[PDB]
Every structure is written in C-alpha cells, then in structure tokens.
Amino acid sequence: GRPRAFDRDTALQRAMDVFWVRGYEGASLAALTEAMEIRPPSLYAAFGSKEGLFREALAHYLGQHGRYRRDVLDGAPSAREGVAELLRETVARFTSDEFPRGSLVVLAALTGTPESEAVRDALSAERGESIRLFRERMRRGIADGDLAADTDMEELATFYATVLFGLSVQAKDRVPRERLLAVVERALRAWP
Amino acid sequence: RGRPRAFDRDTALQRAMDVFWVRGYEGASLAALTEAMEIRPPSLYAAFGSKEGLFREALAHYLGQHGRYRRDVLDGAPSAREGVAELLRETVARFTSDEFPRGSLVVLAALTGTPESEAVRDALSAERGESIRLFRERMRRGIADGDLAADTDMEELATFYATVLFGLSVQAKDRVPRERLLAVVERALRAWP
DNA sequence: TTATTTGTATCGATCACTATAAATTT
DNA sequence: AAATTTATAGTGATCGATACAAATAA
C-alpha cells in the first residue's frame, strides 16, 4: 500500500537519544515524535506504546553500546587487561560527544512512579548483566591461570560494576575525561 | 495572628522527602505528596511556595538528617584512610537498612528528566560535587596529620571514592545484599595509596 | 474587623493515546 | 479500485498550581 515515510532504525535511534538525555518518564511524546520526525499514530503503529518504544530503544542501545563490552573483555589476553580495556573504552565513550554522557541503562530510570516499574526493573536486570559480563571474564581468567582460583569473582565483578555505574553519574556531572581515566587506573590497583 | 496551622511543618517536610526518596523529583506527583504529607494542595503551596521549593527544603532536610553522619564519621577518624573506610561502611549500612529507602536521595532523585527541572538536577549535581569536596577535605587533614603523603593527588583519590560511593546507590537500589556491598567497600579500600 | 488556614472544586496545560479520513500506494 | 500509512484533531486523565469561601484565630 502507501509507503512508509520514515526509516525505522533511524527513528528508533532518535527515540533512543531522547530517552538517553531525558529518561523514560522524562521523555514526552511531544519531544519524542519531534525527534523521530513522525506523528503519534505513526509511532504507535510501529512500536505499540511508549513502553514498547523504550524496550526497542533499549535493545537498540544495547546492541550498539553493549556488545562492544564482551568483545573487549574476551579479546584481552587476561581478565585484568579486559576489565582495564573495557573501563578505559567506556570512559572514552562517556566523554566524547558522539553520544550523551553516561550509560542509558544507569541514567534512564533509577526512580519513578509505580506505573513505570516494569521499565525500571528492565534496567535493573540489565545492570546485573554487566556484573555477569565481568564475572564471566574472571571465570576465564581463573581457567587461563592469570587469576587465582580462590578469587571471590562475585566480589571482584560487583566492585568493578560499582565503579562502572559510578562513572555514569560522574560523566553526567561533566567530570573531565582525564579525571575519569585516573579513577579507572586507581580502581585497578584494587585488583588481587 | 489568624487561624492556627493544623499540621507539624517539620513532619510534613519529612514525608515529602520520603516520597522524593523513592520516586525522585519528577516522579513524585502532587497527588502523592499531599497524600503522604496528609495535607491539601493550597496548604502545601502556602508553606513551601512550589514543588521545586518543597524539594529544595526536603533536600536540605535530608542532608542535615541523613548526611550528618558523613562529616562526623569522617572527622572523628584518626587517619584519612579510616575516615573514608568508616564513611563507606556506614553508608552501606544505611543504604541496606529495612528502615529507610535504599540508596541516596542525592544520586537517585534526579539524574535525568525534562528540561523544565534542570534547576533541580543541577542542585543535586552540585551536592554530589560536595561529596567529592568532603572527601578532599579529610585527605587534606591526613596530609597535615602525617598519615597521607604530602604529594598525594587529593582530587584523584577523592573522586575515585566518590565514584564508588555513587555506584553504591545504584547497587543498593538494585537490592544487592549488604554483605556483598561491604565486600565492595573493602575491595575499594585496597586501592588506597 | 482583620489575618491566616482550611477543604472544595477547578483551573489551563500537558500527559499518553486514538478515531477518522485523506493521501499515496500496488 | 484495495491496501496502508499519513496527518489532523481530538480523547479522558492527570500534571502543577489556585480562586474562593467557610473556619478560626488575635
């Protein structure tokens, strides 16, 4: 029939940016439909609802900013170099302006009304996946021999995840890239 | 002179702060605030002027009643390392108590939002800068006291621990068990120079 | 009488979300 | 045409913030 005037993945990209800056509940459909360059009935045709548009923008954000994480981790010769390389590239992405500062998963919905709890729980489970990414790379380190067998991998993974999440708050606070890279270097001194 | 106010203004302020603590600034609807404060809208505005003003008063209340331990724990410690350790250990305790909302209001209440509330977002961001400054002040004392080296980068060390501190609000909100978060604090202190 | 607080009822604006039909197709 | 996306123009509900008058003090 009549052709579609927008490109799906491009409207999904602009919806992702608005969420990245205003958050899930902070993003009105006025601001969204303005960014995507579509009209409300077009938006609800492709995405179902505001929540459905966020879940698709989350999957979009993740595939474009959450797959580079495991590539850097497993591409390093040791678990310590993986955590170092991934924390350094994260600080780079957190401090260049090709994107907004900080991670969408950390910033988009930490608190809110009871109505948007499903969205908040989604971002919560995704933060647990960051811990799992760390913990999985440490399991390889113990097997490769570069990490002691009696290492508390859950504590080490959670510690560096705490630092990872904290860097989103610091990047949003406009802390310079040089100071964030010193945080990463200092956090590595805690390695066993 | 006039009709007397029928609510404790100190108690109402506490109840707004508890709603802001869980729902954030924009998430706290005026229907929800007046419901917890147990008052009605025109009273709220007579007392606090506006939602923004009510949060700004709730913030100062939260800071003096739930952030008073920070300076005390920091100052009463015999070394800079013990003050940072004890502050984080105490923060994890409060962050994981069954008695208060998990995490810190300052980090959780307004990280992102509409352009209308940037004044509130910058207020909380300035208060997070104070957390960095508060650590920095203690390390300053540690250099004079002798427990810290006279050439230590006070900002680099304070900012690192402020990063760990902010991340603990997110982990507390994610209901990470308390023993886990104390292990995190111990690991972070291993990075001390 | 005056002064301040109270509950009620409502404000204009904005929220997320659609009915409806013209526009553009094979 | 028959199919499908478009834009206009709204929906009721809720947002933050009030006009008003009964109530209650000095």
# chains A, B, ... in the order shown; residues from 1 in each chain; ligands from 1

call {"tool": "interface_residues", "arguments": {"of": "chain B", "to": "chain A", "cutoff": "8 Å", "atoms": "only C-alpha atoms", "output": "compact mmCIF listing (two decimals) with N, CA, C and O atoms, in the first residue's frame"}}
result
# COMPACT_ATOMS: atom_id res chain seq x y z
N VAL B 22 11.95 7.83 47.15
CA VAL B 22 11.61 6.62 46.40
C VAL B 22 11.27 6.94 44.94
O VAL B 22 11.68 6.21 44.04
N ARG B 23 10.54 8.02 44.70
CA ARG B 23 10.01 8.32 43.38
C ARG B 23 10.85 9.33 42.60
O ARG B 23 10.62 9.50 41.40
N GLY B 24 11.81 9.99 43.25
CA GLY B 24 12.54 11.06 42.61
C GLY B 24 11.75 12.35 42.61
O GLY B 24 10.64 12.44 43.13
N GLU B 26 10.63 14.35 39.81
CA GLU B 26 9.52 14.45 38.87
C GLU B 26 8.55 13.31 39.10
O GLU B 26 7.34 13.47 38.89
N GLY B 27 9.05 12.14 39.52
CA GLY B 27 8.17 11.02 39.79
C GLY B 27 7.21 11.26 40.94
O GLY B 27 6.14 10.65 40.99
N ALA B 28 7.57 12.15 41.86
CA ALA B 28 6.71 12.47 43.00
C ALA B 28 5.60 13.40 42.53
O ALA B 28 5.81 14.61 42.38
N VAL B 107 21.69 11.01 44.68
CA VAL B 107 22.05 10.33 43.44
C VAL B 107 20.80 9.85 42.70
O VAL B 107 20.74 9.90 41.47
N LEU B 108 19.79 9.40 43.44
CA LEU B 108 18.66 8.69 42.84
C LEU B 108 17.52 9.60 42.39
O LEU B 108 16.72 9.19 41.54
N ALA B 109 17.42 10.81 42.93
CA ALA B 109 16.18 11.57 42.79
C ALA B 109 16.05 12.22 41.42
O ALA B 109 14.94 12.31 40.88
N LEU B 111 18.62 12.22 38.09
CA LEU B 111 19.78 12.14 37.20
C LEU B 111 19.44 12.65 35.81
O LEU B 111 20.25 13.34 35.19
N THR B 112 18.25 12.31 35.31
CA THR B 112 17.76 12.78 34.03
C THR B 112 16.32 13.25 34.21
O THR B 112 15.67 12.95 35.22
N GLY B 113 15.81 13.97 33.22
CA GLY B 113 14.43 14.42 33.28
C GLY B 113 14.15 15.46 32.22
O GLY B 113 14.96 15.70 31.31
N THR B 114 12.98 16.08 32.35
CA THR B 114 12.55 17.11 31.42
C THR B 114 13.45 18.33 31.52
O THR B 114 14.08 18.57 32.55
N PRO B 115 13.54 19.13 30.45
CA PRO B 115 14.29 20.40 30.54
C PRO B 115 13.74 21.36 31.58
O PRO B 115 14.44 22.31 31.96
N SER B 125 23.45 17.77 41.41
CA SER B 125 24.79 17.60 40.86
C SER B 125 25.81 18.39 41.66
O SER B 125 26.93 17.92 41.91
N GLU B 156 42.20 13.26 42.79
CA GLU B 156 42.13 11.95 42.15
C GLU B 156 41.64 10.88 43.12
O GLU B 156 40.84 10.02 42.75
N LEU B 157 42.10 10.93 44.37
CA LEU B 157 41.68 9.94 45.36
C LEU B 157 40.24 10.19 45.81
O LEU B 157 39.45 9.25 45.92
N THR B 159 37.86 11.69 44.14
CA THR B 159 36.92 11.43 43.05
C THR B 159 36.69 9.94 42.86
O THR B 159 35.55 9.51 42.63
N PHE B 160 37.75 9.13 42.96
CA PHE B 160 37.60 7.68 42.88
C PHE B 160 36.61 7.17 43.91
O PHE B 160 35.69 6.41 43.59
N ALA B 162 34.37 8.86 45.55
CA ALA B 162 33.04 9.39 45.23
C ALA B 162 32.38 8.56 44.13
O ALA B 162 31.16 8.38 44.15
N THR B 163 33.17 8.06 43.18
CA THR B 163 32.62 7.16 42.16
C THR B 163 32.08 5.90 42.81
O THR B 163 30.95 5.48 42.53
N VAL B 164 32.89 5.26 43.66
CA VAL B 164 32.43 4.07 44.37
C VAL B 164 31.20 4.39 45.21
O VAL B 164 30.27 3.58 45.32
N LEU B 165 31.17 5.59 45.80
CA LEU B 165 30.04 5.97 46.65
C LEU B 165 28.76 6.12 45.83
O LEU B 165 27.70 5.66 46.25
N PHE B 166 28.85 6.76 44.67
CA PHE B 166 27.66 6.94 43.84
C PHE B 166 27.17 5.60 43.29
O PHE B 166 25.97 5.34 43.27
N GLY B 167 28.10 4.75 42.84
CA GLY B 167 27.72 3.43 42.37
C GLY B 167 27.04 2.58 43.42
O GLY B 167 26.28 1.67 43.07
N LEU B 168 27.29 2.85 44.70
CA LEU B 168 26.65 2.07 45.76
C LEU B 168 25.17 2.39 45.89
O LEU B 168 24.39 1.54 46.33
N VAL B 170 23.23 2.91 43.26
CA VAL B 170 22.63 2.11 42.20
C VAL B 170 22.58 0.64 42.60
O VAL B 170 21.59 -0.06 42.34
N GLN B 171 23.64 0.14 43.24
CA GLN B 171 23.65 -1.25 43.68
C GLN B 171 22.67 -1.47 44.84
O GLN B 171 22.02 -2.52 44.91
N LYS B 173 19.91 0.27 45.24
CA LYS B 173 18.60 0.29 44.60
C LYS B 173 18.29 -1.03 43.92
O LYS B 173 17.15 -1.49 43.92
N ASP B 174 19.31 -1.66 43.34
CA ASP B 174 19.19 -3.00 42.77
C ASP B 174 19.16 -4.10 43.82
O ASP B 174 19.23 -5.28 43.46
N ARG B 180 27.53 -8.25 50.36
CA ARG B 180 28.17 -8.00 49.07
C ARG B 180 28.73 -6.59 49.00
O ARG B 180 29.87 -6.38 48.56
N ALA B 183 31.80 -6.07 51.10
CA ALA B 183 32.94 -6.60 50.38
C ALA B 183 33.42 -5.63 49.31
O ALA B 183 34.62 -5.51 49.05
N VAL B 184 32.48 -4.91 48.68
CA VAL B 184 32.85 -3.90 47.69
C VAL B 184 33.65 -2.79 48.34
O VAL B 184 34.65 -2.32 47.79
N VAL B 185 33.22 -2.35 49.53
CA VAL B 185 33.93 -1.28 50.23
C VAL B 185 35.33 -1.73 50.60
O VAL B 185 36.30 -0.98 50.44
N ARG B 187 37.16 -3.99 49.08
CA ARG B 187 37.96 -4.05 47.86
C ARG B 187 38.40 -2.65 47.42
O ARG B 187 39.53 -2.46 46.98
N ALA B 188 37.50 -1.67 47.53
CA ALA B 188 37.83 -0.31 47.11
C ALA B 188 38.96 0.27 47.97
O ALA B 188 39.82 1.00 47.46
N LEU B 189 38.97 -0.06 49.26
CA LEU B 189 40.00 0.45 50.15
C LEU B 189 41.36 -0.17 49.88
O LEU B 189 42.38 0.36 50.33
N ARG B 190 41.40 -1.29 49.14
CA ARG B 190 42.67 -1.87 48.74
C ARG B 190 43.38 -1.02 47.69
O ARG B 190 44.60 -1.15 47.52
N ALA B 191 42.66 -0.12 47.02
CA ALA B 191 43.27 0.80 46.07
C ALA B 191 43.92 2.01 46.74
O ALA B 191 44.53 2.82 46.04

call {"tool": "residues_around", "arguments": {"residues": "segment 13-23 of chain C", "least_positions_apart": "5", "cutoff": "8 Å", "atoms": "only C-alpha atoms (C1' of nucleotides)", "output": "MDAnalysis selection string"}}
result
(chainID A and resid 28:29 41 50) or (chainID D and resid 6 11 13:15)

call {"tool": "write_last_selection", "arguments": {"atoms": "N, CA and C atoms (P, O5', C5', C4', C3', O3' and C1' of nucleotides)", "output": "PDB file, in the first residue's frame"}}
result
ATOM      1  N   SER A  28       8.639  13.010  26.927  1.00  0.00           N
ATOM      2  CA  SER A  28       7.268  13.150  26.472  1.00  0.00           C
ATOM      3  C   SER A  28       7.154  12.729  25.011  1.00  0.00           C
ATOM      4  N   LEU A  29       5.951  12.369  24.583  1.00  0.00           N
ATOM      5  CA  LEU A  29       5.731  12.040  23.183  1.00  0.00           C
ATOM      6  C   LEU A  29       5.871  13.261  22.314  1.00  0.00           C
ATOM      7  N   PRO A  41       0.255   8.756  15.687  1.00  0.00           N
ATOM      8  CA  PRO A  41      -0.302   7.491  15.166  1.00  0.00           C
ATOM      9  C   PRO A  41       0.702   6.657  14.389  1.00  0.00           C
ATOM     10  N   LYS A  50       4.433   3.774  24.381  1.00  0.00           N
ATOM     11  CA  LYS A  50       5.656   4.399  24.877  1.00  0.00           C
ATOM     12  C   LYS A  50       6.596   3.364  25.483  1.00  0.00           C
TER      13      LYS A  50
ATOM     14  P    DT D   6       4.023   6.484   7.902  1.00  0.00           P
ATOM     15  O5'  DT D   6       3.182   7.831   7.724  1.00  0.00           O
ATOM     16  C5'  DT D   6       3.286   8.576   6.520  1.00  0.00           C
ATOM     17  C4'  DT D   6       2.084   9.482   6.339  1.00  0.00           C
ATOM     18  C3'  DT D   6       1.884  10.506   7.439  1.00  0.00           C
ATOM     19  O3'  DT D   6       2.652  11.673   7.157  1.00  0.00           O
ATOM     20  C1'  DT D   6      -0.201   9.501   6.774  1.00  0.00           C
ATOM     21  P    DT D  11     -12.606  16.039  22.395  1.00  0.00           P
ATOM     22  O5'  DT D  11     -12.224  14.620  23.021  1.00  0.00           O
ATOM     23  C5'  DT D  11     -12.730  13.426  22.434  1.00  0.00           C
ATOM     24  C4'  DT D  11     -12.157  12.210  23.133  1.00  0.00           C
ATOM     25  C3'  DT D  11     -12.095  12.329  24.645  1.00  0.00           C
ATOM     26  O3'  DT D  11     -13.291  11.800  25.206  1.00  0.00           O
ATOM     27  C1'  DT D  11      -9.995  11.554  23.767  1.00  0.00           C
ATOM     28  P    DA D  13     -11.689   9.704  32.586  1.00  0.00           P
ATOM     29  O5'  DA D  13     -10.139   9.939  32.888  1.00  0.00           O
ATOM     30  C5'  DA D  13      -9.180   9.013  32.398  1.00  0.00           C
ATOM     31  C4'  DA D  13      -7.777   9.438  32.781  1.00  0.00           C
ATOM     32  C3'  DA D  13      -7.623   9.908  34.226  1.00  0.00           C
ATOM     33  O3'  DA D  13      -6.460   9.329  34.797  1.00  0.00           O
ATOM     34  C1'  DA D  13      -6.859  11.591  32.736  1.00  0.00           C
ATOM     35  P    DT D  14      -6.223   9.383  36.385  1.00  0.00           P
ATOM     36  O5'  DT D  14      -4.962  10.349  36.536  1.00  0.00           O
ATOM     37  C5'  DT D  14      -3.874  10.220  35.636  1.00  0.00           C
ATOM     38  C4'  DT D  14      -3.116  11.526  35.517  1.00  0.00           C
ATOM     39  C3'  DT D  14      -2.802  12.214  36.848  1.00  0.00           C
ATOM     40  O3'  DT D  14      -1.403  12.182  37.081  1.00  0.00           O
ATOM     41  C1'  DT D  14      -3.518  13.760  35.167  1.00  0.00           C
ATOM     42  P    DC D  15      -0.784  12.832  38.412  1.00  0.00           P
ATOM     43  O5'  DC D  15      -0.110  14.184  37.892  1.00  0.00           O
ATOM     44  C5'  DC D  15       0.870  14.131  36.864  1.00  0.00           C
ATOM     45  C4'  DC D  15       1.203  15.523  36.364  1.00  0.00           C
ATOM     46  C3'  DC D  15       1.372  16.566  37.451  1.00  0.00           C
ATOM     47  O3'  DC D  15       2.709  16.544  37.930  1.00  0.00           O
ATOM     48  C1'  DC D  15       0.035  17.424  35.661  1.00  0.00           C
TER      49       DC D  15
END

call {"tool": "interface_residues", "arguments": {"of": "chain B", "to": "chain D", "cutoff": "10 Å", "atoms": "only C-alpha atoms (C1' of nucleotides)", "output": "PyMOL selection string"}}
result
chain B and resi 1-4+29-31+41-42+45+49-51

call {"tool": "write_last_selection", "arguments": {"atoms": "N, CA, C and O atoms", "output": "PDB file, in the first residue's frame"}}
result
ATOM      1  N   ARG B   1      -1.180  35.379  64.853  1.00  0.00           N
ATOM      2  CA  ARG B   1      -2.367  36.061  64.351  1.00  0.00           C
ATOM      3  C   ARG B   1      -3.011  35.278  63.211  1.00  0.00           C
ATOM      4  O   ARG B   1      -2.391  35.050  62.174  1.00  0.00           O
ATOM      5  N   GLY B   2      -4.256  34.867  63.415  1.00  0.00           N
ATOM      6  CA  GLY B   2      -5.008  34.120  62.426  1.00  0.00           C
ATOM      7  C   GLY B   2      -5.266  32.692  62.876  1.00  0.00           C
ATOM      8  O   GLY B   2      -4.866  32.263  63.960  1.00  0.00           O
ATOM      9  N   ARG B   3      -5.956  31.961  62.005  1.00  0.00           N
ATOM     10  CA  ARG B   3      -6.200  30.547  62.243  1.00  0.00           C
ATOM     11  C   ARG B   3      -4.870  29.816  62.411  1.00  0.00           C
ATOM     12  O   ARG B   3      -3.900  30.123  61.707  1.00  0.00           O
ATOM     13  N   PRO B   4      -4.782  28.850  63.325  1.00  0.00           N
ATOM     14  CA  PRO B   4      -3.521  28.125  63.503  1.00  0.00           C
ATOM     15  C   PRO B   4      -3.386  26.970  62.524  1.00  0.00           C
ATOM     16  O   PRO B   4      -4.358  26.287  62.188  1.00  0.00           O
ATOM     17  N   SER B  29       4.421  12.843  42.290  1.00  0.00           N
ATOM     18  CA  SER B  29       3.275  13.647  41.894  1.00  0.00           C
ATOM     19  C   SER B  29       2.747  14.442  43.083  1.00  0.00           C
ATOM     20  O   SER B  29       2.919  14.057  44.243  1.00  0.00           O
ATOM     21  N   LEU B  30       2.098  15.571  42.783  1.00  0.00           N
ATOM     22  CA  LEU B  30       1.496  16.369  43.845  1.00  0.00           C
ATOM     23  C   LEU B  30       0.377  15.614  44.545  1.00  0.00           C
ATOM     24  O   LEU B  30       0.140  15.822  45.739  1.00  0.00           O
ATOM     25  N   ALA B  31      -0.321  14.733  43.825  1.00  0.00           N
ATOM     26  CA  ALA B  31      -1.297  13.866  44.474  1.00  0.00           C
ATOM     27  C   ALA B  31      -0.627  12.956  45.494  1.00  0.00           C
ATOM     28  O   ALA B  31      -1.176  12.710  46.575  1.00  0.00           O
ATOM     29  N   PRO B  41      -3.529  20.642  48.840  1.00  0.00           N
ATOM     30  CA  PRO B  41      -2.607  21.418  47.973  1.00  0.00           C
ATOM     31  C   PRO B  41      -2.416  22.861  48.419  1.00  0.00           C
ATOM     32  O   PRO B  41      -1.265  23.311  48.524  1.00  0.00           O
ATOM     33  N   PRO B  42      -3.484  23.637  48.675  1.00  0.00           N
ATOM     34  CA  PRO B  42      -3.249  25.061  48.982  1.00  0.00           C
ATOM     35  C   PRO B  42      -2.444  25.288  50.251  1.00  0.00           C
ATOM     36  O   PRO B  42      -1.782  26.327  50.377  1.00  0.00           O
ATOM     37  N   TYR B  45       1.323  24.835  49.189  1.00  0.00           N
ATOM     38  CA  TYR B  45       1.865  25.992  48.487  1.00  0.00           C
ATOM     39  C   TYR B  45       2.037  27.191  49.409  1.00  0.00           C
ATOM     40  O   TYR B  45       2.960  27.990  49.213  1.00  0.00           O
ATOM     41  N   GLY B  49       5.668  27.241  48.843  1.00  0.00           N
ATOM     42  CA  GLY B  49       5.684  28.020  47.619  1.00  0.00           C
ATOM     43  C   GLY B  49       5.489  27.262  46.320  1.00  0.00           C
ATOM     44  O   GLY B  49       4.716  27.704  45.464  1.00  0.00           O
ATOM     45  N   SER B  50       6.176  26.136  46.148  1.00  0.00           N
ATOM     46  CA  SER B  50       6.088  25.377  44.904  1.00  0.00           C
ATOM     47  C   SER B  50       6.672  23.989  45.125  1.00  0.00           C
ATOM     48  O   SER B  50       7.336  23.725  46.130  1.00  0.00           O
ATOM     49  N   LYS B  51       6.391  23.096  44.169  1.00  0.00           N
ATOM     50  CA  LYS B  51       7.039  21.787  44.140  1.00  0.00           C
ATOM     51  C   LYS B  51       8.555  21.917  44.214  1.00  0.00           C
ATOM     52  O   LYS B  51       9.209  21.248  45.023  1.00  0.00           O
TER      53      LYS B  51
END

call {"tool": "residues_around", "arguments": {"residues": "residue 138 of chain B", "least_positions_apart": "5", "cutoff": "8 Å", "atoms": "only C-alpha atoms (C1' of nucleotides)", "output": "list in words"}}
result
residues 74, 75, 80 and 83 of chain B

call {"tool": "interface_residues", "arguments": {"of": "chain A", "to": "chain D", "cutoff": "10 Å", "atoms": "only C-alpha atoms (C1' of nucleotides)", "output": "ChimeraX atom specification"}}
result
/A:1-5,38-42,45

call {"tool": "residues_around", "arguments": {"residues": "residue 53 of chain B", "least_positions_apart": "6", "cutoff": "12 Å", "atoms": "only C-alpha atoms (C1' of nucleotides)", "output": "list in words"}}
result
residues 13, 16, 25, 44, 45, 46, 47, 59, 60, 117, 119, 120 and 123 of chain B

call {"tool": "closest_residue", "arguments": {"among": "B:106, B:85, B:40, B:134", "to": "residue 8 of chain C", "atoms": "only C-alpha atoms (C1' of nucleotides)"}}
result
B:40

call {"tool": "closest_atom_pairs", "arguments": {"of": "chain C", "to": "chain A", "cutoff": "7 Å", "atoms": "only C-alpha atoms (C1' of nucleotides)", "output": "JSON lines"}}
result
{"residue": "C:24", "atom": "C1'", "partner": "A:2", "partner_atom": "CA", "distance": 4.9}
{"residue": "C:25", "atom": "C1'", "partner": "A:2", "partner_atom": "CA", "distance": 3.9}
{"residue": "C:26", "atom": "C1'", "partner": "A:1", "partner_atom": "CA", "distance": 6.3}

call {"tool": "write_last_selection", "arguments": {"atoms": "N, CA and C atoms (P, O5', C5', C4', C3', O3' and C1' of nucleotides)", "output": "CSV table (one decimal), in the first residue's frame"}}
result
chain,number,residue,atom,x,y,z
C,24,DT,P,0.0,12.7,-1.5
C,24,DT,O5',0.4,11.2,-1.8
C,24,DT,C5',1.3,10.5,-0.9
C,24,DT,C4',1.3,9.0,-1.1
C,24,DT,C3',1.6,8.5,-2.5
C,24,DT,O3',2.6,7.5,-2.4
C,24,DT,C1',-0.4,7.5,-1.7
C,25,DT,P,3.8,7.4,-3.5
C,25,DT,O5',4.0,5.8,-3.8
C,25,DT,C5',3.1,5.1,-4.5
C,25,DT,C4',2.5,3.9,-3.8
C,25,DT,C3',2.1,2.7,-4.6
C,25,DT,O3',3.3,1.8,-4.8
C,25,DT,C1',0.4,3.2,-3.0
C,26,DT,P,3.8,1.5,-6.3
C,26,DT,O5',3.4,-0.1,-6.4
C,26,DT,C5',3.7,-1.0,-5.4
C,26,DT,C4',2.7,-2.1,-5.3
C,26,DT,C3',2.5,-3.0,-6.5
C,26,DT,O3',2.2,-4.3,-6.1
C,26,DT,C1',0.4,-1.9,-6.0

call {"tool": "closest_atom_pairs", "arguments": {"of": "chain C", "to": "chain B", "cutoff": "7 Å", "atoms": "only C-alpha atoms (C1' of nucleotides)", "output": "CSV"}}
result
residue,atom,partner,partner_atom,distance
C:3,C1',B:2,CA,4.8
C:4,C1',B:2,CA,4.4
C:5,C1',B:3,CA,5.5

call {"tool": "write_last_selection", "arguments": {"atoms": "N, CA and C atoms (P, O5', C5', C4', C3', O3' and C1' of nucleotides)", "output": "compact mmCIF listing (two decimals), in the first residue's frame"}}
result
# COMPACT_ATOMS: atom_id res chain seq x y z
P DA C 3 -5.43 42.87 58.12
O5' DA C 3 -5.08 41.39 58.60
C5' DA C 3 -4.50 41.18 59.88
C4' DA C 3 -4.13 39.72 60.08
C3' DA C 3 -3.48 39.06 58.87
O3' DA C 3 -2.43 38.20 59.29
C1' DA C 3 -5.46 37.89 59.45
P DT C 4 -1.28 37.77 58.25
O5' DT C 4 -1.49 36.19 58.09
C5' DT C 4 -1.27 35.34 59.20
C4' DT C 4 -2.05 34.04 59.06
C3' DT C 4 -1.70 33.20 57.83
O3' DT C 4 -1.10 31.98 58.24
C1' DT C 4 -4.05 33.29 58.22
P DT C 5 -0.93 30.76 57.20
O5' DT C 5 -2.23 29.86 57.45
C5' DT C 5 -2.55 29.41 58.76
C4' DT C 5 -3.66 28.39 58.72
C3' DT C 5 -3.46 27.25 57.72
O3' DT C 5 -3.84 26.01 58.30
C1' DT C 5 -5.50 28.35 57.27

call {"tool": "residues_around", "arguments": {"residues": "residue 137 of chain A", "least_positions_apart": "5", "cutoff": "8 Å", "atoms": "only C-alpha atoms (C1' of nucleotides)", "output": "number ranges by chain"}}
result
A: 73-74, 79, 82

call {"tool": "write_last_selection", "arguments": {"atoms": "C-alpha atoms", "output": "PDB file, in the first residue's frame"}}
result
ATOM      1  CA  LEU A  73      36.702  -8.411  27.512  1.00  0.00           C
ATOM      2  CA  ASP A  74      37.408 -11.663  25.668  1.00  0.00           C
ATOM      3  CA  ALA A  79      40.972 -10.863  32.863  1.00  0.00           C
ATOM      4  CA  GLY A  82      39.926  -6.992  29.863  1.00  0.00           C
TER       5      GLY A  82
END

call {"tool": "select_by_dssp", "arguments": {"residues": "segment 64-156 of chain A", "states": "helix (DSSP H, G or I)", "output": "PyMOL selection string"}}
result
chain A and resi 64-65+68-74+79-93+104-107+114-144+153-156

call {"tool": "atom_distance", "arguments": {"atom1": "atom CA of residue 151 of chain A", "atom2": "atom CA of residue 139 of chain A"}}
result
9.6 Å
